């Protein structure tokens, strides 16, 4: 905080975009990355204070499940200080 990251992965782009907007609506988080690794998987990564990050991912997960298919939801309170040099989480 404010370096905590929230992670949402859906099966479908529309569920992911819906979740993304729901996440930034619900808390003061910043979208820092989007990953599409195939087989329908789309991942949206947000950063901010750990409290806001959890609020974001909770709202994002609910929206993803309603719009399409939620695959994963996760929070990393303190990412490794050098993680952001290999994965976009800043």
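Numbering follows the first chain given and starts at 1.
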Given the B-factors recorded for C-alpha atoms, which segment has the greater mean, 20 to 28 or 71 to 79?
-> 71 to 79
Entry-level comparison of average CA B-factors, 7 to 15 and 62 to 70, reporting the higher stretch | 62 to 70
Determine, from the deposited record, the chain-internal third of the Cα B-factor for residue 43: lowest, middle or highest.
-> middle
Compared with the other modelled residues in the chain, in which third is the CA B-factor of residue 56?
-> lowest
